[PDB]
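One chain comes next, on its own, written out as structure tokens in the form deposited in one PDB entry.
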């Protein structure tokens, strides 16, 4: 009996920590200077709510003319991890267009996604309050989480929550 595979796409402005969160989930260490242009896909066998499954994760990078793989992942993506950085209001503001574009490509009014405020270790440099991130997520009726790839806070939980959202769809 084959386990279900979930295709997940991590999106967000450059520098928010898409690679660092994805590499923390897969390899369980914190990267500091990962190439901002590398667009890799990753796999991981996990159990979520005690149902084993496979995660198929595209770690998007840059906004150059997309590869055919990115376009396929955008069309076939089952859940989206929409990442901003709590120290960058600009990265949160860009989330609104990431959601429009996901809903545009998927051609539906609602697509499983989670709003992730990353770098929650940078409390000194916080621009986006938790309350404001919760307000965006409540407005879009999506789950919300603050994460730290650096301090390993809620990394697995963010991905697992996205799977729980897909399973409710």
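Only residues modelled in both forms are compared. We call the rigid core whatever largest set of C-alpha positions still superposes within 1.5 Å between the two forms. Positions refer to the first chain, counted from 1.
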query: Segment of higher mean CA temperature factor, 100 to 108 or 127 to 135; finding: 100 to 108
query: Which of 109 to 117 and 58 to 66 has higher mean CA B factor, as the PDB entry lists it; finding: 58 to 66
query: Ranked C-alpha temperature factor of residue 122 among modelled chain residues, by third; finding: middle
query: B-factor third for the C-alpha atom of residue 168 within its chain; finding: highest
query: Chain third (lowest, middle, highest) by recorded CA B-factor, residue given as residue 19; finding: highest
query: For residue 38, the third of its chain into which the C-alpha B factor falls; finding: highest
query: Residue 46 - which third its CA temperature factor falls in, relative to the rest of the chain; finding: middle
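Keep in mind that the form deposited in another entry is not shown, yet the notes after this line are about it.
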property	result
Of 106, 70, 44, 126, the one whose Cα moves 2 Å or more between the shown form and the other one after core superposition	70
Sense of the change in Cα distance from residue 68 to residue 53 in the other form - at least 3 Å versus the shown form	farther
Pair residue 67/residue 56, Cα separation in the other form versus the displayed form, closer or farther by 3 angstroms or more	farther
Large-shift segments between the shown form and the other one, meaning 3+ residue runs whose Cα move 2 Å or more when the rigid core is superposed	62 to 73
